[PDB]
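Residue numbers (the entry's author numbering), protein chains in the order written: chain L, 1 to 214; chain H, 1 to 225.
All residues carry an ideal CB built from backbone N, CA and C; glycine is no exception.
The block underneath contains the structure these notes are about, expressed in structure tokens.
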Amino acid sequence: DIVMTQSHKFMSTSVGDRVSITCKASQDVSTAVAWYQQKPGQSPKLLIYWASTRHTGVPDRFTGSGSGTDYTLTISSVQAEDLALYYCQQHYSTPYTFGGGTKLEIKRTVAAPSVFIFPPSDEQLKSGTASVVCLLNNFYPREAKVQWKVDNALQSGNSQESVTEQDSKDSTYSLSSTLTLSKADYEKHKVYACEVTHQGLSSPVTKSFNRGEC
Amino acid sequence: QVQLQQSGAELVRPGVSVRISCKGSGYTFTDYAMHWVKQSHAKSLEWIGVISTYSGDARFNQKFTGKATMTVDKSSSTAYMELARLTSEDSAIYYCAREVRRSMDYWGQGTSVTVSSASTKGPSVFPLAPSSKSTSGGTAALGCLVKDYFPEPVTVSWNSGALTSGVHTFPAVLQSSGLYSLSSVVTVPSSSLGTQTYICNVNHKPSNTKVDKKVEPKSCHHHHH
Ligand code: NI
């Protein structure tokens, strides 16, 4: 079996800059290398076949280089929508093998989250559960501490976050943290608070409501 | 133009087998051999095998011999792969990609296979209502909570595909119950919170649940002066 080593799981680059993603083969696959782009929740799209040849609907800023063992996908003038995973692959001999992938991370200017907090809907409250949602919209960079406080008492072990991938237009991340509690435990407390720590904030930002009140 | 349309999300049981289809369209199907590739974990792409659509001759990744079986049916322009004796390490996303001269030039949307002994459950859907607590100047955030479903995936669209800008649909998380839960949000000019309707369309294919949920501003008790 032919090994296709992409040594970088992570490349970081800026809009307008040039990136080279490398891919090394364990032996001479003599030019029969393809590059694939996979954007968040999409299927791969072929970018380049036979090391240097560009497929259709493919912009001229993507080029392919390489002979024998070492291969290189170069993106001249990186664009915001170029966020994706990049995979090489040898089509030299079966079994066809792919590299381990390279995630292109795009650098952008700091941006602070807009923070929104959402109480449980009156109708989930009916079904027995209170799911409190806190939204961090459009921030950069990724690192973000979200802390829940219920009557100014710090919460632990009872929330869950998930984060989107960098947006194709503005390169920002977004996050939702959900505080899950039983309806009974929900209605013993007044103040529900979402406190957000992020580099683009002077000081932590707290979003909060008093239960049942505007 | 060119599209490969795959069979949808499958929820199957250990020890049984799945049949996945891949319909070629916009081109002459018999022109191009069809590949199948496995996407597991997060990133690991694996070549399973090729079937020549013109002859029916298939040849396999030795890692998949026995386990994978390929047939092609020229009249429906559809390629088939059968995965046998399923275990939880066959849970993955499987792609068909046509070969167009030593290159896999167009891929399908992928088929999500989930190997489980559980039944499907359809999601509950609840509004994430806009208010003063969700306004940051001209823009209001609103959304939908898609709770207590299995397996993946659910799809969420806003206003039946018409509201696309400012929409974030988050990765599902796994609750203690073993059931998935995700949120879909959209930020919206607040000028339009009365005049414009906001509806989220949740589609859970494996349970055949469609829900179209109206997101109104919540009941709310106002300060008293
Ligand atoms: Ni009153």
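For residue 127 of chain H, the pairing in a beta bridge is given by DSSP as H:144. When the Cα atoms are used, residue 63 of chain L and residue 29 of chain L turn out to be separated by approximately 19 Å. In the displayed model, residue 119 of chain L falls within coil according to three-state DSSP, outside both helix and strand.
A Cβ-Cβ separation of about 21 Å leaves residue 34 of chain L out of contact with residue 81 of chain H under the 8 Å criterion. Cβ-Cβ distances below 8 Å link residue 67 of chain L to 31, 51 in the same chain, with the five nearest sequence neighbours on each side left out; the list follows chain order.
Around the beta-carbon of residue 149 of chain H, 16 or more other beta-carbon atoms lie within 10 Å, marking it buried.
For ligand 1, the residues with a Cβ under 7 Å from any of its heavy atoms are, in chain order, H:221, H:222, H:224. Between residue 70 of chain H and residue 51 of chain H, the C-beta gap is smaller than 7 Å, which places the two residues in contact. Excluding five sequence positions before and after residue 97 of chain H, the CB atoms of its chain that fall closer than 6 Å to its own CB belong to 35, 104, 107, given in chain order.
Just measuring C-alpha positions, the residue of L:175, L:145, L:180, L:169 sitting nearest residue 157 of chain L is L:180.
Residues of the region 161-188 of chain H with a Cβ closer than 7 Å to any Cβ of chain L, in chain order: 168, 170, 171, 173, 183, 185, 187. Chain H places no beta carbon closer than 7 Å to that of residue 110 of chain L, leaving this residue out of the contacts. Contact check between the region 81-91 of chain L and the region 114-132 of chain L: fewer than three CB pairs, one atom from each, fall below 8 Å, which does not count as touching. The beta strand (DSSP E) runs of length 3 or more contained entirely in the region 41-112 of chain L are, from start to end of the chain, 45-49, 62-67, 70-75, 84-90, 102-107. DSSP places residue 139 of chain L in the strand class (E or B) of the three-state scheme. Distances from the alpha-carbon of residue 15 of chain H to those of H:65, H:126, H:85, H:5 put H:85 closest. The shortest CA-to-CA distance from residue 194 of chain L to any of L:12, L:108, L:136 is the one to L:136. Below 8 Å, enough C-beta pairs join the region 201-214 of chain H and the region 150-164 of chain H to call them touching: three or more. At a cut-off of 7 Å between beta-carbon atoms, residue 95 of chain L makes contact with chain H. When rounded, the separation of the alpha-carbon atoms in residue 209 of chain H and residue 116 of chain H is 19 Å. DSSP, reduced to helix, strand and coil, places residue 24 of chain H within a strand of the structure shown.
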